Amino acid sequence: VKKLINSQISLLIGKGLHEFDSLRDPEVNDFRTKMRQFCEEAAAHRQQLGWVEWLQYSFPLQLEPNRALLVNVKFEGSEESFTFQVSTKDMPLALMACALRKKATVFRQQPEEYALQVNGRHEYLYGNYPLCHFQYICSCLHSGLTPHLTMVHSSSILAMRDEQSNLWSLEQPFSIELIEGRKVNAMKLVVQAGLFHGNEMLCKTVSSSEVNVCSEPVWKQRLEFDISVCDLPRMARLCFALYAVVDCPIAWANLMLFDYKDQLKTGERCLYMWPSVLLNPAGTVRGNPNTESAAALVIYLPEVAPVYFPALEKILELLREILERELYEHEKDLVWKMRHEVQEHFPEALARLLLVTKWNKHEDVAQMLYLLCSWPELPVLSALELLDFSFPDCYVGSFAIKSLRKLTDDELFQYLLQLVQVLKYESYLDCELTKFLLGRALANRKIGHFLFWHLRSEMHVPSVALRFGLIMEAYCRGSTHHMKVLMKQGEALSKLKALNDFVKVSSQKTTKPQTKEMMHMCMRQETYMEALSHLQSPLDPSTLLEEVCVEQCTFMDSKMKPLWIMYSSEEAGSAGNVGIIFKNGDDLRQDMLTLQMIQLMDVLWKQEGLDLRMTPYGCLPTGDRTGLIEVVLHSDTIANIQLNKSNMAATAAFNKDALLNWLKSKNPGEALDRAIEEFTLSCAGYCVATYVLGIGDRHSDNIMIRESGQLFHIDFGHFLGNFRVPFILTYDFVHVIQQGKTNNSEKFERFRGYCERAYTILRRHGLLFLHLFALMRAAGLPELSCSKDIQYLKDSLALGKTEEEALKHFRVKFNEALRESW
């Protein structure tokens, strides 16, 4: 059986476990056994949670960031059901109490023994929260639908938990022998080598001698560094670049100077190099796995004798405010001079102080560290900054995580993407971020779900295959049942891939009707109906994808022929009708990032009492240029609506009215007012978001409308101006906002106010967007590479200005946009 699990994990993670063994690597070995132990204890803890606590793990609450409503309630093993009138202000307990009085009178005769399940979803209502604080109840109130809930007893929840069981001494210069290589090229070869601590060089770079493109080249030369061996910090990174000149980059490679056991490295190393875009301090510190073809480098670390980085005990033993809100040398000097006063009176300036400490002088690093050890904990915002590559020191990183432990699960969820990308900065396999991520993942199944997919979706990338593989295995050890739930998900994704391939071939040889009919036959095969039905959605583990609705599945006409799959569910009713899009061949990472940022804006806006009626729909890369998009039902693109089709409700005399006619047919009489309002609020949100994010190429094919009137955006291929994208006012939206009128400054100016409020709120969290984008730089996304992309966000949010200047400036961009509206 232990054999069976092993094989199922290998299949799930997209890598055979035997492949970890073949490496015969102490570090991999150690990571695997340590992390397995840590995960198994978390799984032990879990099997003994109270039932409310188990619910908290398995289905965490979906909460928002007087009035009467109707709700329908039923008991688990029963057809019969009761509709109740309650207040939005009532706790779930009150509602559970009615349900039992209604049961007892029909049936002829304790609320605390139950929780409420959302019908046909893995979602639950419990806690001390007014009904309208639950996202589900909120949703229902807006759309107008009646909440439908099931009373699930405590014994039923426990049956679920039950079924889911499992040194200072060395003053001489640092130096290496560069021995030889075995590359490929056209001219002379050179090797540049520098020592780095993050971005900062620890001393000048040093160069090789020139030897012709010859072989299989040989050097046997000492390269000596203009720093002493006792001054190398714990996180010292030696970087190499090999190129050609009479400039032509060939390859690079980096390693840590201390291994994972803190021991300084000696003697000979073989370095399998990565092929180039000259020095790459931020690149991984593990060699290329394609050792068959990779250019190799042999160097020799000299035996300085066995030496270890001194323990913490030995470490411990050893106009200010005016600037303190890029600094000159003397400025740096004051800060260092006044570090105690910084620790005492300005703890939040830790980072600026860290950036001024001389990391190439051990006495100084000792002193900076001395302060770090008694530094008070910092807010989440500050901690996120410290995770940046600018702070490679492990005591800093450890302090950062320590300051992050106070993340709520909702917050952790919101930043999960960036924390994962930061893993690519790590120097070793066993690290605080990993154990942190895994422990929080083992305490929250939703966290666990998205961690798994963020990791799984990158297994085709050699620089991270090993690390990410190792983490997913360890997690699997911590949850056998969820492993099985995830495979079921991977099996469906495997079949969609095969079906998508057929559709690609087929569509090149036959008409769309014929391909769709054969797609349906293919889907109707037993293997497919089985693989495609009865899973949790990778887009949202609380969404259940029950019976695939074959007749309604089809595909889109764009290059990659993405599949459009519909599902239904008797037990969920209408909310069990959900749709996913499967795309293979395009990159979805940029869309996911953009959509997480828009969703963050929505959270910040709602935290200040501003709901702009956003449509934050799921988007999730799952594999190599593979992932899923959630279908927002009851929506259509502007373009489709603007086709101005005859024999249709929305039949216009002027194309400018098409959109308004459409909203009118979806929203008869009095409902129209609210639809126009919903359109107005969301339009503001999206105009601000796309402006702040530099999302261009917006047009009537990538903008959508919901039947409620909410406007949203799909298919982002560009952001951060990676085409300065101007603010955008489209006429036809302005026409809707104006309720059809040529002049309606009263409506138009409400709309301006919404844009300004939304904009000024985001400026106030400008710093949170900058730290998050900074961490995203580790993604390797082509439009998020360097400083100018970040600067795009400084400029868009005008963060160097007072609120009055930024607003005035914004007013010019906006007024400029209105002129541009015809």
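Residues carry their position along the shown sequence, with the first being 1. We call the rigid core whatever largest set of C-alpha positions still superposes within 1.5 Å between the two forms.
Each structure in 9 other deposited structures of this protein is fitted to the shown form on the rigid core, and of 213-221 and 598-606 the C-alphas lie farther away on average for 213-221. Superposing the other copies on the rigid core and comparing 439-447 to 551-559, farther C-alpha placement in 9 other deposited structures of this protein marks 551-559.
Gap check for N577 to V578: zero deposited residues are absent from the model.
Looking at mean Cα B-factors across 612-620 and 724-732, the upper value is held by 724-732. When 646-654 is weighed against 251-259, 646-654 comes out higher, by mean CA B-factor as recorded in the entry. Across the options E53, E783, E27, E756, the residue with the most elevated CA B-factor in the record is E783. Of all the options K495, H713, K504, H345, the entry's greatest CA B-factor is assigned to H345. For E171, the recorded CA temperature factor ranks within the highest third of the chain's modelled residues. Remark: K34 belongs to the middle third of its chain, ranked by C-alpha B-factor as recorded. Per-chain ranking of the deposited C-alpha B factor places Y136 in the highest third. In the deposited entry, the Cα temperature factor of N128 sits in the middle third of values across the chain's modelled residues.
Per the PDB record, residue ranking by Cα B-factor puts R182 in the highest third of the chain.
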